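One chain follows as structure tokens, the form deposited in one PDB entry.
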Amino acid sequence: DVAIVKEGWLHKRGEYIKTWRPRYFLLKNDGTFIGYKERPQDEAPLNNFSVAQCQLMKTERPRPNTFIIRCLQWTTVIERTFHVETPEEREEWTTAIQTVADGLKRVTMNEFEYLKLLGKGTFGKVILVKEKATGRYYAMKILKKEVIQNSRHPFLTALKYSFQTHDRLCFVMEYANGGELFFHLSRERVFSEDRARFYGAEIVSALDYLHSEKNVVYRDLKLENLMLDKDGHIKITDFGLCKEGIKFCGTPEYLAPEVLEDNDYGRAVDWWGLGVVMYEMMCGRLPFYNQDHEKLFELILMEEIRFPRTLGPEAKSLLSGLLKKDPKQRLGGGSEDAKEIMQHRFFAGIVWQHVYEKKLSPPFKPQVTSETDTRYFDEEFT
């Protein structure tokens, strides 16, 4: 009952590298729109690729015969722009996408206090706010309404409120007050293997939820998106906004190779990101680094990662498997997904139900009195 509707070659604009590339795309009954570097020989459906509840737009800028699939996924607006040689191909491409999309078919702003602008994007901004009545701290995604339920896990930032105005759509999210993780790692230079095991285990727990329960790739696992709460447990943030890049988008040193090549990607992307995160916690440096992006791309794509002699054998086996450049060969790329990492020797002795229930002791208790303490918001944040 799941079958291809339309397939063929498209010109896809790279999501992080804004260059046009030829990709073979498949439009399926389940609504999945996946592009491949070569024709697929022919895995569970990922929501990242679905065209359900997305809007289609045809345009002649930046280049003619372009169509844009615009989706709201959770609280982030994402775009995928494609280009065919003739307007006829576009029209029959868009209608098929529109066919499958249709075929598969009191809180106000004054209650908060504006504090600090966290980020600007194409379709809105993110702002650190404080709820006046409670004094708690929240991030508010304010999205332009012209352009357009919570599911809780211990280590994901909760979407607390959702409201809209005449022209805005607002998502209020819990903001942890235990400090950014890049701040704690910088102050302590390197984390112990046990400290990184605690942090890694909680991330693996949340990644399993998103992969199996939610059927989505997080695709943005990096140190800057990790925070600690008042107790010292991990919260994976969701404060991202789709920006049109600078003259390329984002910081490429974290990107999985299959994403860097705009190739087909799956749940294995987050395990690469897990490898990058835990490599830096246990080594104190990023695995790949060079100022030239041409070299950095080649580094991430070609140069195999090197380890310091300070790391133990269990750590080196985990990092090597997570940072395998082939996602089919990568630790966590099989059907068992998160189970491959949970069953790894580095996580021996870890009872995984205990991790979900926050039974493991945080090795680092942040110096905060309560959930309203603003120590890591003050100018001691240096």
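For the two forms, the rigid core is made up of the largest set of C-alpha atoms that agree within 1.5 Å on superposition. Note that residue numbering follows the sequence shown and begins at 1.
One more form of this protein should be noted, the form deposited in another entry, which is absent from this view; the next part is about it.
With the rigid core aligned between the shown form and the other one, only one of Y209, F82, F198, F191 has a CA shift of 2 Å or more: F82. Comparing the forms between the shown form and the other one on their rigid core, the Cα displacement of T94 reaches 2 Å or more. Annotation for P366: C-alpha shift under 2 angstroms between the shown form and the other one, rigid core superposed.
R63 is among the residues whose C-alpha shifts by 2 Å or more between the shown form and the other one once the rigid core is aligned. In summary, the C-alpha positions of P327 and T75 converge in the other entry, ending up at least 3 angstroms nearer each other than in this conformation. Relative to this conformation, an increase of 3 Å or more in the Cα-Cα distance between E258 and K28 is found in the other entry.
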